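Heads up, the chain below is alone and in the form deposited in one PDB entry; it's given as structure tokens.
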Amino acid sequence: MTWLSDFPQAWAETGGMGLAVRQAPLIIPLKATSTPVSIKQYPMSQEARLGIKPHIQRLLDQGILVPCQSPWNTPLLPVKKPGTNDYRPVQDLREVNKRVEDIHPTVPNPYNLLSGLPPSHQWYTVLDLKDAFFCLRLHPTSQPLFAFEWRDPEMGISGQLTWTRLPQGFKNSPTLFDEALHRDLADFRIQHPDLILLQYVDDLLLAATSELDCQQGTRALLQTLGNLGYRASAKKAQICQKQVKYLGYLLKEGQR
């Protein structure tokens, strides 16, 4: 874990919530005929509400969510993941997605992305960017679009809240993030010709020919990511392994 110490700012664990400082706040273009839609918030049980509350509060403290009055409104859903009885906020942005202008999907499919890994580079590092979408600011003009209602019995919010960052459930988030990070890591690729860097939204794979080149490469990548404002999961990081898990594949001896 000497890496955790050498790169404080790069790990989600010690660098705090990220923010892509080099990326201009995103403006989300609407379809030519779109008009705001305000969907009714169906009553939520106290159990769900209590489970969600801490997440909402944390996001408010972090500034990711802010109060607002908007012509738009979509449902907030209480979702117990892994069948487990733990609730987390899930916004139904389907009506918003329908009204936002489409963009060409530029994220490669994992199968094709992996085809770009030579047998020569067998030293790997896998990094997962934490709260990736949240690292990208949303332009003030586009924020109203993702509003939802938030109710709390004692001293909280009085109406709607919305995101100041690219949100979950928005049809174009994966693509916009992949493109933004590609722009931010363009220079790194240029400064490290001998390194292979695969990008799949927030799932990164760095490939080197030698253990040391992977150590040096990994150090530089972590340094760059931290400086750019992104955060990698230290808990999940797979640093300089000749065998790693990436996008559902088990990379070993140049296999898969």
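So that the term is clear: the rigid core is the largest set of C-alpha atoms that superpose within 1.5 Å between two forms. Throughout, we count residues from 1 along the sequence that is shown.
Below, we turn to the form deposited in another entry, even though it does not appear here.
- With the rigid core aligned between the shown form and the other one, only one of 35, 45, 69, 191 has a CA shift of 2 Å or more: 45.
- Comparing the forms between the shown form and the other one, the C-alpha position of residue 152 differs by 2 angstroms or more, with the core used for superposition.
- Superposed on the core, the two forms barely differ at residue 139: its CA moves less than 2 Å between the shown form and the other one.
- With the core held fixed, the Cα of residue 169 is displaced between the shown form and the other one by less than 2 Å.
- The distance between the CA atoms of residue 109 and residue 182 is at least 3 Å shorter in the other form than in the form shown here.
- In the other form, the Cα atoms of residue 105 and residue 186 sit 3 Å or more nearer to each other than they do here.
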